[PDB]
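Note sheet for the following structure.
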Amino acid sequence: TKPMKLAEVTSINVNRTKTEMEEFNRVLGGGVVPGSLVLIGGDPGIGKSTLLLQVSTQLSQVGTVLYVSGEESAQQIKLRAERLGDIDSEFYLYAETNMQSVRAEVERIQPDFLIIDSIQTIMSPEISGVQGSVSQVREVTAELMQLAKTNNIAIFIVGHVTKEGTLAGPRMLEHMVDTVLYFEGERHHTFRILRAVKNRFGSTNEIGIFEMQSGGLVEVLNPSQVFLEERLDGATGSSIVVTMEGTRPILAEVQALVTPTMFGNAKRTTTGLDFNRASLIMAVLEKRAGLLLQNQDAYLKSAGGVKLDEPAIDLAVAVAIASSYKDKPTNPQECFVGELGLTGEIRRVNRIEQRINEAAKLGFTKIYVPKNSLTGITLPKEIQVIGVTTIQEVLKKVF
Amino acid sequence: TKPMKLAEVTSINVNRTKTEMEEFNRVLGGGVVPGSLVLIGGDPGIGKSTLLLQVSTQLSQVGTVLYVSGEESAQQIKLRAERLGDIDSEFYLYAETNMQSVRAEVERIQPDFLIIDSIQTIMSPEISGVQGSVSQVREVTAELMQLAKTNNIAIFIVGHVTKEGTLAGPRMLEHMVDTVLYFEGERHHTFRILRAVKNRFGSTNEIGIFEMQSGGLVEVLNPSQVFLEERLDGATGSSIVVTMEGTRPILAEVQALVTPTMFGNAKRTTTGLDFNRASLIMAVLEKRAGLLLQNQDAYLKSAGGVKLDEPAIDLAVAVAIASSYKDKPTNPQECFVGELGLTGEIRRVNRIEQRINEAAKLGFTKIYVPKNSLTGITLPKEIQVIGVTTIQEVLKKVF
Amino acid sequence: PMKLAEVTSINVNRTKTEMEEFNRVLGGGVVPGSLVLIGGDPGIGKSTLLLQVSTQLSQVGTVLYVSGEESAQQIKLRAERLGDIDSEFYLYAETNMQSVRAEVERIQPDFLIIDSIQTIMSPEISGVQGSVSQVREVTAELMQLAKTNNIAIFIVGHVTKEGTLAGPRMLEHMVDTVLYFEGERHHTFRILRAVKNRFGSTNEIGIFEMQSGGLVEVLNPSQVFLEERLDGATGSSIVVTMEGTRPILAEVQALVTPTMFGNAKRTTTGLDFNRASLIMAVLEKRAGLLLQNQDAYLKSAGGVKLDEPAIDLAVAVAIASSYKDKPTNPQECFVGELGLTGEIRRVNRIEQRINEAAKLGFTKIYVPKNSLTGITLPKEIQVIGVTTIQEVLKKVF
Amino acid sequence: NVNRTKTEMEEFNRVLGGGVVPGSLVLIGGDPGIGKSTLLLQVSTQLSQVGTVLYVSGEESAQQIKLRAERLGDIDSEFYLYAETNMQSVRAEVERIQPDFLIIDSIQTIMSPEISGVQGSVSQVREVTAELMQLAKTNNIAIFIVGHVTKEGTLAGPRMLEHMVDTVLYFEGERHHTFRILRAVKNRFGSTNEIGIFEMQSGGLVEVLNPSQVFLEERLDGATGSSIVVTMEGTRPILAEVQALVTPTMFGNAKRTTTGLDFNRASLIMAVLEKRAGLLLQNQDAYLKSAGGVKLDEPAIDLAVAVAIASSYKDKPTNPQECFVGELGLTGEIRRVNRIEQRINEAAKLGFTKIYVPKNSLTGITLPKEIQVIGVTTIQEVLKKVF
Amino acid sequence: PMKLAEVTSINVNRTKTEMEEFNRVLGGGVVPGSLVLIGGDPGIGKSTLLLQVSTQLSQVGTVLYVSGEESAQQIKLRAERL
DNA sequence: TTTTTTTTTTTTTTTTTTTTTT
DNA sequence: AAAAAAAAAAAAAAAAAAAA
Ligand SMILES: Nc1ncnc2c1ncn2[C@@H]1O[C@H](COP(=O)(O)OP(=O)(O)OP(O)(O)=S)[C@@H](O)[C@H]1O
Ligand SMILES: Nc1ncnc2c1ncn2[C@@H]1O[C@H](COP(=O)(O)OP(=O)(O)OP(O)(O)=S)[C@@H](O)[C@H]1O
Ligand SMILES: Nc1ncnc2c1ncn2[C@@H]1O[C@H](COP(=O)(O)OP(=O)(O)OP(O)(O)=S)[C@@H](O)[C@H]1O
Ligand SMILES: Nc1ncnc2c1ncn2[C@@H]1O[C@H](COP(=O)(O)OP(=O)(O)OP(O)(O)=S)[C@@H](O)[C@H]1O
Ligand SMILES: [Mg+2]
Ligand SMILES: [Mg+2]
Ligand SMILES: [Mg+2]
Ligand SMILES: [Mg+2]
């Protein structure tokens with residue numbers, strides 16, 4: 001080795017190969033990078049070995065794959081494969097735990113892709129410690145990193161997780177690999193969310209959602225079924241907003257029902273929405289747009305119980321209230337994003353590009369967004385993007 | 001050797017070289033200091049080596065740079081460089097991992113600035129045990145502080161972190177080096193913040209905020225939704241406040257809508273503020289300034305959902321309420337800062353100099369502050385700092 | 001020799017720095033013949049603090065500053081930032097314990113400051129610079145020098161990655177005083193707190209603010225000053241509250257106005273509105289202020305949360321001054337809990353409170369009379385015992 | 001058993017098995033600065049009234065100890081100080097005094113220079129301890145040992161000392177506590193677990209005799225609407241005062257503003273008084289507080305709360321030496337309470353003339369003769385007896 | 001043990017105390033080869049119960065009573081109250 | 001024939017990780 | 001929010017042991 005000037009452009013471009021799973025490719029950042037290390041953590045049972053077996057089958061159509069498993073015997077893995085089904089043209093399988101015995105086979109198969117079905121179950125013969133020991137994990141991961149960086153092998157490592165929900169072993173492990181994925185999914189849903197917390201080769205904002213099914217993990221193409229309901233005739237008082245949950249844009253319906261107050265102080269009731277925010281929005285509508293609302297009771301709901309924290313919902317909430325009060329329908333493919341100011345201005349929102357992209361992917365026609373958010377934003381040309389400046393403009397255009 | 005002197009001693013000055021990233025220069029106390037040690041810690045994948053490759057390029061425009069790394073090969077570094085820039089001042093890469101060859105090549109090329117990358121990923125063949133040993137990093141740190149002082153090389157060091165997020169290694173590491181930086185970001189946010197916990201050459205309070213983007217880190221300059229020209233021109237009931245978001249001042253905007261109640265009682269709906277605080281402020285206004293407000297509803301909001309609960313916002317809240325009740329605008333170039341006492345006094349506030357300086361940087365023309373806070377303040381030339389001591393003074397000056 | 005109880009003792013000649021917020025932590029001043037240990041996180045400010053101490057003590061006696069971790073140029077550059085060498089002192093930057101022992105015997109300094117015992121070493125043994133044996137022998141040498149020359153020694157000790165002193169636990173036994181210098185990244189105050197001091201109370205902490213011109217002592221941590229009340233401002237009063245161990249001054253403010261619409265609000269901040277409405281009920285029953293038909297609005301100034309029962313008297317006097325439209329004197333302070341019978345009940349730490357009010361230059365403090373039993377009033381403060389709220393209201397207004 | 005000498009700190013006796021037995025060792029460990037040397041100087045001075053005492057110190061020269069003694073002020077009849085570290089010289093001074101109560105101010109700062117090790121060496125301290133054992137055995141001297149502690153607290157070589165040591169107890173306290181707790185952990189001659197507690201002061205350590213948190217008796221004159229109740233701070237009984245202000249609802253509607261108590265419990269209590277006693281409280285505001293901010297909320301308070309409310313409504317004073325304990329039922333029955341014996345004994349210790357208690361709870365308890373324990377059945381009976 | 005296939009069977013030698021209201025809470029008696037754990041509210045009778053049970057089992061067989069938490073003198077002085 | 005010494009061992013302290021407990 | 005289980009390292013008590 002020698003020091004070199006940066007203009008010694010020995011950099012060959014990374015011809016990263018795509019698997020068939022677009023959800024997997026996107027989290028990785030376009031594809032599997034040769035010579036990368038990917039560490040997949042996640043709770044027991046969540047689907048890590050299923051995911052890796054699927055991608056191993058798909059990659060075996062394009063390159064040689066070696067699947068290495070300490071924790072499971074070859075018959076179990078073949079039983080899962082036949083439950084999933086693939087030609088498995090060049091898919092090698094190797095149940096092993098001794099690092100020298102895997103390294104020897106790696107140096108003859110020359111696998112383009114290597115799966116390590118659990119790092120905590122594979123041991124160096126050098127280190128005396130138990131298979132989950134910190135020193136064992138350190139030595140095995142350093143040897144795998146040598147194999148990867150020397151032979152351009154892409155290595156997928158399954159990591160055991162502590163009861164905290166964070167990867168076990170020395171933090172050196174998270175420092176040394178190139179990509180760290182978590183695989184997780186709460187019991188309220190069937191969906192399994194794959195997310196990158198580190199990715200030296202791509203954006204860590206991309207997340208992939210799978211559903212676990214008999215016969216494998218299948219991609220879910222719409223994360224949010226809860227909007228899907230085609231509207232009744234009439235159906236006044238509904239609007240749709242591209243809100244946000246964690247990092248993924250999710251599109252959700254807001255509904256309102258405005259009715260004349262009787263025999264009490266006018267009272268306002270919500271679900272999934274802060275009633276303070278709704279009271280503000282109703283005050284803005286009554287002031288700036290002249291909707292008589294201090295004599296109306298109002299009821300607001302988000303479909304599917306998705307809780308709408310962020311201020312970007314306020315414009316869609318106002319449009320829902322207006323649609324109910326006017327008793328006139330919005331279009332089922334109009335979508336609304338923006339904070340509503342008490343001076344009636346529509347205020348810019350973060351992540352505007354992702355929201356417009358997601359609205360385009362779900363096939364909406366018109367998305368209304370704050371005019372000042374549009375600066376330098378490139379729209380997808382298939383969806384009409386309307387920049388709006390004040391609530392009176394939105395009401396006059398929608399109604 | 002055998003010194004021993006009175007305090008009359010050479011007092012040699014410290015020169016500084018600024019990077020082009022003012023957000024980075026700020027944290028170091030105004031620029032890189034020759035012969036200093038700066039230690040960078042932070043979560044895996046946070047952006048440390050992008051930041052250091054950016055600053056490595058900028059220093060490379062004004063001096064020779066040697067970038068060592070044991071983490072990554074020269075090809076990966078060059079691919080990153082192409083991703084984030086034009087290679088407009090080429091510098092040296094060295095993929096070395098053993099300290100003797102580093103010391104050799106650094107003595108031969110004799111750089112102005114040196115970057116180690118991770119101190120935990122370099123070892124010394126003369127001593128001790130495993131990579132990342134406490135025994136190893138201590139001795140490498142001693143070698144670096146020597147090489148630094150013998151040559152006046154400024155050295156930047158990446159440090160691993162524990163799972164708790166504190167710097168790894170023996171505390172001798174955190175004592176021998178001169179500057180210790182943390183690079184961090186909460187998962188609910190897009191920003192990365194860079195903060196000093198120790199800095200022998202400047203204040204630690206100055207943090208720097210970056211956004212991660214496809215072309216690298218970019219300094220945000222404005223951590224807030226307050227973009228001045230957002231204001232709806234004819235807007236009334238809005239005012240801006242300089243608020244401490246922890247250690248950093250941020251702009252925030254307080255909006256009020258004030259309107260007569262059409263019921264036997266009046267609402268006090270408030271988002272982002274304590275409604276008891278707003279109710280106290282309206283009682284101060286009604287008693288001292290004579291605004292008839294018990295007949296009026298008030299609705300109050302903070303822009304962008306920022307939670308504003310420090311006493312310094314009371315003045316801007318009072319001015320927003322008064323602006324709405326009077327239906328007169330305020331100039332969007334004025335900031336307000338001050339606690340409001342039930343006497344109508346504007347009480348002094350903490351960190352007043354930071355607040356004035358940050359109001360100055362984003363180009364505000366006036367800021368109203370407690371007059372008693374003005375003592376010893378270095379107030380910048382570009383902004384007229386208007387001392388005030390009663391709410392009625394503010395209302396006469398502004399309305 | 002067992003000299004029984006006949007040995008003769010002379011009072012320690014406690015010298016003082018100008019930083020009273022430092023002197024308080026040592027329990028009144030710097031004793032001679034003594035070891036002080038300063039611990040704290042890296043970067044906290046220990047060297048800045050001991051530089052300022054050196055420069056101040058140099059006005060009283062000879063100071064020698066030694067530092068194995070920092071060159072004399074860096075120390076002089078810091079001193080030039082902090083101020084000027086008008087009180088010039090000796091600076092050695094030595095690492096050899098034998099050399100500093102010889103130099104101390106030559107110069108006979110009144111005060112010695114060692115900025116890292118983790119870098120002094122003696123050649124009689126060798127090893128890692130911070131080795132337990134090296135620090136133990138060096139600190140034994142320092143215990144000799146302290147006794148032999150009556151020298152006050154300030155030692156900077158390193159700290160582990162938890163907030164505890166490194167090196168042998170025997171260290172905290174040999175030394176006479178142990179200080180931790182501590183702070184929090186969300187803040188910018190530094191607290192200096194003792195964990196051991198056999199020459200004086202360890203119930204006192206010093207507070208500092210790190211600034212460009214050094215560690216400024218924060219004599220008054222509250223945003224509460226006698227200079228800043230509006231001349232005729234009614235409806236506020238001062239109370240000596242306690243933040244754990246530290247007496248903290250606080251102002252309570254009250255706005256009383258007729259309840260023109262609806263029914264009586266009791267909107268409150270920093271206080272508790274149940275406490276406040278109790279106090280208004282006591283005033284209305286016992287003192288006769290017609291406060292039922294009044295709205296009342298109360299806040300702590302400065303956003304300090306007030307919990308303890310000692311605030312009741314100050315809150316009552318703030319309400320009463322707001323109702324009566326008669327200002328309280330800004331230099332009078334109130335402490336005491338209010339009973340629903342209108343009695344004023346005893347409070348804890350009464351002496352530490354009166355001492356803090358005296359030290360902050362309050363001309364007068366009101367206290368529950370029965371708490372005066374066995375009390376030791378300072379000279380610079382007038383202390384008034386009161387028995388009932390009627391007595392207070394007659395005396396104040 | 002063999003006889004016990006008592007120090008004047010009865011708190012110290014009770015943790016030390018009821019008193020220091022002669023001819024045996026005691027080791028007090030604890031964090032530096034906790035107060036070991038102050039405690040042992042007070043103990044040694046109190047024992048000086050019984051016989052000769054020697055205090056040996058390496059870690060503190062005689063002048064500093066004398067300064068501390070003159071701070072505390074206690075008279076020091078035949079109190080010996082000895083600044084020494086040569087253990088053989090200590091042993092010889094033992095025979096030049098023949099003490100009766102010996103103190104070593106730290107085992108880690110005395111050395112027999114011939115034998116072994118450095119002053120910290122486990123062998124050196126163990127062997128010094130083995131010599132001390134012979135000196136204890138020979139002259140029946142009770143020897144108090146100060147222990148250093150490990151960073152963890154484990155007495156800096158615990159096992160080999162502790163088996164020779166007989167009795168070990170730990171002196172400790174937290175960063176903010178004015179109190180320091182002296183916990184006995186092993187003891188051949190008394191309750192193997194106990195906790196002594198002291199407050200540290202500039203006058204020296206002072207016992208916490210009676211509970212830590214009682215603060216009372218600031219009663220004024222004709223203070224209607226006040227009553228006293230015995231309540232538990234877990235296992236400690238404490239004696240606390242309830243105050244009530246009852247006043248007509250001149251404006252608005254009846255408030256129930258309450259602090260310390262639960263306003264639901266208080267609402268039940270005023271409903272019970274309204275129905276069973278016939279107090280017209282529904283048109284009254286009633287304001288209730290526990291004195292001193294004590295979180296006084298356990299079922300046994302309801303009788304005292306009822307008597308405070310009734311005293312305030314009637315505007316007649318409760319006697320300042322009457323105490324009440326009792327749960328109140330919605331039928332006006334007064335129900336049993338958890339630990340009535342301990343409450344009556346605390347009431348007696350604080351010198352209360354009466355305690356009112358639930359009848360059906362006097363069965364099988366030994367009423368102390370100094371206090372008039374009164375059984376009451378019903379709230380109407382209580383209000384007849386008191387008012 | 002080494003060889004079994006549902007064979008050797010000493011059965012439960014269930015040994016009573018004189019208090020049947022103790023025996024009834026177990027299987028009608030104590031069981032050899034077993035650990036019984038007793039908890040309870042502190043000082044309420046927890047040790048009094050087991051000391052008395054010892055004074056009743058001592059009639060049937062040898063009982064060794066070990067206390068880390070109380071002195072042998074105070075133990076025997078309490079037992080004398082029985 | 002004691003004196004290093006040096007392995008072996010204890011054991012303590014620092015530090016990092018992780019299983020319980022609100 | 002709190003503890004206890006492994007890893008790494010230094011301090012040290014001890015002895016196999018070869019010297020000086
Ligand atoms: N018919 C089915 N047959 C087998 N597995 C199924 C079936 N249906 C669902 N599964 C799911 O398959 C999951 C098993 O997880 P896998 O993908 O096989 O491996 P893994 O548990 O993620 O990896 P580890 O290291 O063994 S914890 C379980 O959570 C089951 O819910
Ligand atoms: N298009 C993008 N391409 C590459 N990286 C991206 C991209 N967008 C964001 N990144 C971020 O780049 C981060 C990697 O930053 P790095 O500086 O290379 O790693 P580091 O952990 O900070 O430092 P080391 O010592 O190299 S591990 C990832 O965590 C991503 O979040
Ligand atoms: N203009 C400024 N220039 C230099 N330092 C400043 C400045 N302003 C504030 N500082 C503070 O100075 C602090 C440094 O404190 P130090 O005096 O180095 O304490 P120390 O770390 O204990 O000293 P040692 O013994 O050398 S490690 C930094 O943490 C800064 O917060
Ligand atoms: N006016 C006061 N004067 C002197 N000491 C005080 C005073 N007030 C409190 N103290 C306390 O007295 C303590 C002094 O420590 P000691 O009473 O000597 O116990 P000790 O430190 O354990 O003794 P050893 O065995 O030498 S370590 C300190 O912790 C102080 O907090
Ligand atoms: Mg598996
Ligand atoms: Mg890197
Ligand atoms: Mg220093
Ligand atoms: Mg002592």
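Naming scheme: A, B, ... for chains in displayed order of the structure tokens; residues 1 onward per chain; ligands 1 onward as shown.
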- Please give the root-mean-square deviation of the Cα atoms once chain A has been least-squares fitted onto chain B, pairing every Cα in order. 1.6 Å
- Write out as an NGL selection string all residues of segment 198-362 of chain A that DSSP puts in alpha helix (DSSP H) for this structure's backbone. :A and (275-288 or 314-326 or 352-361)
Atoms to include: C-alpha atoms. Write the selected residues as a PDB file, in the first residue's frame.
```pdb
ATOM      1  CA  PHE A 275     -59.667  18.757  19.649  1.00  0.00           C
ATOM      2  CA  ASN A 276     -57.651  21.925  20.341  1.00  0.00           C
ATOM      3  CA  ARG A 277     -56.316  21.874  16.786  1.00  0.00           C
ATOM      4  CA  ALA A 278     -59.806  21.325  15.382  1.00  0.00           C
ATOM      5  CA  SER A 279     -61.127  24.210  17.494  1.00  0.00           C
ATOM      6  CA  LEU A 280     -58.410  26.449  16.046  1.00  0.00           C
ATOM      7  CA  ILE A 281     -59.182  25.341  12.488  1.00  0.00           C
ATOM      8  CA  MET A 282     -62.896  26.013  13.028  1.00  0.00           C
ATOM      9  CA  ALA A 283     -62.051  29.478  14.364  1.00  0.00           C
ATOM     10  CA  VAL A 284     -59.911  30.165  11.293  1.00  0.00           C
ATOM     11  CA  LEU A 285     -62.702  29.065   8.967  1.00  0.00           C
ATOM     12  CA  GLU A 286     -65.273  31.197  10.801  1.00  0.00           C
ATOM     13  CA  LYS A 287     -63.004  34.269  10.720  1.00  0.00           C
ATOM     14  CA  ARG A 288     -61.260  34.239   7.342  1.00  0.00           C
ATOM     15  CA  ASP A 314     -54.723  21.039   9.105  1.00  0.00           C
ATOM     16  CA  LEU A 315     -55.613  21.997   5.527  1.00  0.00           C
ATOM     17  CA  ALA A 316     -57.329  18.658   4.885  1.00  0.00           C
ATOM     18  CA  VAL A 317     -59.139  18.970   8.221  1.00  0.00           C
ATOM     19  CA  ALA A 318     -60.378  22.419   7.183  1.00  0.00           C
ATOM     20  CA  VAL A 319     -61.472  21.099   3.786  1.00  0.00           C
ATOM     21  CA  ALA A 320     -63.360  18.255   5.486  1.00  0.00           C
ATOM     22  CA  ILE A 321     -65.140  20.673   7.831  1.00  0.00           C
ATOM     23  CA  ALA A 322     -65.998  22.968   4.909  1.00  0.00           C
ATOM     24  CA  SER A 323     -67.200  20.044   2.774  1.00  0.00           C
ATOM     25  CA  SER A 324     -69.522  18.949   5.578  1.00  0.00           C
ATOM     26  CA  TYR A 325     -70.839  22.463   6.263  1.00  0.00           C
ATOM     27  CA  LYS A 326     -71.425  23.345   2.600  1.00  0.00           C
ATOM     28  CA  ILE A 352     -43.069  17.920   0.498  1.00  0.00           C
ATOM     29  CA  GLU A 353     -41.348  15.944  -2.274  1.00  0.00           C
ATOM     30  CA  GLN A 354     -41.976  12.577  -0.610  1.00  0.00           C
ATOM     31  CA  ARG A 355     -45.642  13.488  -0.118  1.00  0.00           C
ATOM     32  CA  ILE A 356     -46.124  14.412  -3.778  1.00  0.00           C
ATOM     33  CA  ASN A 357     -44.259  11.270  -4.873  1.00  0.00           C
ATOM     34  CA  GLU A 358     -46.489   9.070  -2.704  1.00  0.00           C
ATOM     35  CA  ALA A 359     -49.628  10.827  -3.959  1.00  0.00           C
ATOM     36  CA  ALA A 360     -48.459  10.089  -7.508  1.00  0.00           C
ATOM     37  CA  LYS A 361     -47.742   6.429  -6.690  1.00  0.00           C
TER      38      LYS A 361
END
```
- Query: Mind listing as JSON, numbers by chain which residues of chain F are within 8 Å of chain A, counting only C-alpha atoms (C1' of nucleotides)?
  - Reply: {"F": [17, 18, 19]}
Expected selection as an mmCIF file with C-alpha atoms, in the first residue's frame for ligand 7 within 7 Å, only C-alpha atoms (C1' of nucleotides) and all ligand atoms:
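Saved file pocket-v6.cif follows:
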```
data_model
loop_
_atom_site.group_PDB
_atom_site.id
_atom_site.type_symbol
_atom_site.label_atom_id
_atom_site.label_comp_id
_atom_site.auth_asym_id
_atom_site.auth_seq_id
_atom_site.Cartn_x
_atom_site.Cartn_y
_atom_site.Cartn_z
ATOM 1 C CA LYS C 46 -11.301 22.895 36.685
ATOM 2 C CA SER C 47 -8.181 24.526 35.231
ATOM 3 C CA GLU C 69 -0.621 18.211 30.702
ATOM 4 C CA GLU C 70 -0.371 21.804 29.426
ATOM 5 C CA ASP C 115 -3.332 20.460 37.535
#
```
- List the neighbours of residue 63 of chain E out to 12 Å using only C-alpha atoms (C1' of nucleotides); skip same-chain residues closer than 4 positions along the sequence, and give me the result as number ranges by chain. E: 50-59
- Query: Got a sec to check which residues lie within 7 Å of ligand 5, using only C-alpha atoms (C1' of nucleotides) and all ligand atoms, and send them as a PyMOL selection string?
  - Reply: chain A and resi 48-49+71-72+117
Write a file of the selected residues as a PDB file, in the first residue's frame, keeping C-alpha atoms.
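Saved result, result_24.pdb, follows:
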```
ATOM      1  CA  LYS A  48     -35.244 -12.773   8.762  1.00  0.00           C
ATOM      2  CA  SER A  49     -34.353 -16.257   7.520  1.00  0.00           C
ATOM      3  CA  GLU A  71     -28.855 -22.428  13.872  1.00  0.00           C
ATOM      4  CA  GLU A  72     -30.758 -24.551  11.323  1.00  0.00           C
ATOM      5  CA  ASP A 117     -27.878 -17.145   8.941  1.00  0.00           C
TER       6      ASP A 117
END
```
Please return, as an mmCIF file with C-alpha atoms, in the first residue's frame, all residues of chain D lying within 8 Å of chain C when only C-alpha atoms are considered.
```cif
data_model
loop_
_atom_site.group_PDB
_atom_site.id
_atom_site.type_symbol
_atom_site.label_atom_id
_atom_site.label_comp_id
_atom_site.auth_asym_id
_atom_site.auth_seq_id
_atom_site.Cartn_x
_atom_site.Cartn_y
_atom_site.Cartn_z
ATOM 1 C CA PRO D 32 -15.295 9.020 53.532
ATOM 2 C CA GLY D 33 -16.858 12.162 54.948
ATOM 3 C CA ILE D 34 -19.941 10.331 56.215
ATOM 4 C CA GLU D 59 -5.254 9.532 59.622
ATOM 5 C CA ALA D 62 -4.079 15.298 67.476
ATOM 6 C CA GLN D 63 -4.529 19.038 66.844
ATOM 7 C CA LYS D 66 -8.842 18.478 69.498
ATOM 8 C CA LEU D 67 -10.221 21.241 67.265
ATOM 9 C CA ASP D 76 -13.427 15.056 78.026
ATOM 10 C CA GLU D 78 -9.726 11.181 81.147
ATOM 11 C CA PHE D 79 -10.103 11.254 77.367
ATOM 12 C CA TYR D 80 -6.790 10.229 75.801
ATOM 13 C CA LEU D 81 -5.703 11.214 72.309
ATOM 14 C CA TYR D 82 -2.823 9.384 70.632
ATOM 15 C CA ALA D 83 -1.536 10.310 67.171
ATOM 16 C CA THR D 150 -13.937 -0.511 48.922
ATOM 17 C CA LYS D 151 -15.090 1.678 46.040
ATOM 18 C CA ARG D 175 -25.887 13.189 48.369
ATOM 19 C CA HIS D 176 -28.793 15.349 49.577
ATOM 20 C CA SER D 202 -22.224 21.901 62.979
ATOM 21 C CA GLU D 218 -47.148 25.083 66.743
ATOM 22 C CA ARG D 219 -50.780 25.386 67.840
ATOM 23 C CA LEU D 220 -52.174 28.884 68.407
ATOM 24 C CA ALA D 223 -57.604 27.371 66.612
ATOM 25 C CA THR D 224 -60.932 25.886 65.620
ATOM 26 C CA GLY D 225 -60.851 23.391 62.786
ATOM 27 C CA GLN D 243 -56.842 21.647 59.490
ATOM 28 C CA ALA D 244 -60.240 22.614 58.079
ATOM 29 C CA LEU D 245 -61.877 25.940 57.195
ATOM 30 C CA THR D 247 -67.361 29.033 55.528
ATOM 31 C CA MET D 250 -71.240 33.789 49.805
ATOM 32 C CA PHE D 251 -70.595 33.685 46.041
ATOM 33 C CA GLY D 252 -70.736 31.005 43.378
ATOM 34 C CA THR D 257 -60.594 22.678 47.473
ATOM 35 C CA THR D 258 -58.359 20.250 49.359
ATOM 36 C CA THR D 259 -54.610 19.690 49.677
ATOM 37 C CA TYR D 287 -61.135 23.881 52.748
ATOM 38 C CA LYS D 289 -55.132 20.791 54.503
ATOM 39 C CA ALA D 291 -49.997 20.623 57.941
ATOM 40 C CA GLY D 292 -46.454 20.538 56.629
ATOM 41 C CA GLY D 293 -47.359 19.090 53.235
#
```
- Query: Which one of C:240, C:254, C:120, C:218 sits closest to chain B if you count only C-alpha atoms?
  - Reply: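 Checking each of C:240, C:254, C:120, C:218 against chain B, counting only C-alpha atoms, the winner is C:254.
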- For chain F, work out the contacting residues on chain C at 10 Å, counting only C-alpha atoms (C1' of nucleotides), and write them as a VMD selection string. chain C and resid 160 to 162 166 to 169
- Kindly compile the residues surrounding ligand 3 within 9 Å, counting only C-alpha atoms (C1' of nucleotides) and all ligand atoms, and format them as a ChimeraX atom specification. /B:29,174-179,196-205 /C:39-51,67,69-70,75,78,81,115-116,156-158,181,188,210-215
- Item | chain G residues near chain B (12 Å cut-off, only C-alpha atoms (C1' of nucleotides)) as a PyMOL selection string | chain G and resi 7-10
Requested write-out: C-alpha atoms (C1' of nucleotides) of the selected residues, as a PDB file, in the first residue's frame:
```pdb
ATOM      1  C1'  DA G   7     -14.742  -8.222  28.968  1.00  0.00           C
ATOM      2  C1'  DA G   8     -10.491  -5.884  29.685  1.00  0.00           C
ATOM      3  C1'  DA G   9      -7.116  -4.178  32.577  1.00  0.00           C
ATOM      4  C1'  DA G  10      -4.653  -2.983  36.459  1.00  0.00           C
TER       5       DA G  10
END
```
- Message: To check your reading of the model: which residues sit at most 10 Å from ligand 1 when counting only C-alpha atoms (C1' of nucleotides) and all ligand atoms? Write the answer as a PyMOL selection string.
- Response: chain A and resi 41-54+69-72+76-77+79-80+83-84+117-121+158-161+183+190+212-217
Please produce, as a tab-separated table, a per-residue contact table for chain D versus chain G (criterion: any atom at most 9 Å away, only C-alpha atoms (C1' of nucleotides) considered), showing the nearest atom pair and its distance in Å to one decimal, sorted by chain then residue number.
```
residue	atom	partner	partner_atom	distance
D:121	CA	G:13	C1'	8.6
D:122	CA	G:13	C1'	8.4
D:123	CA	G:13	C1'	8.4
```
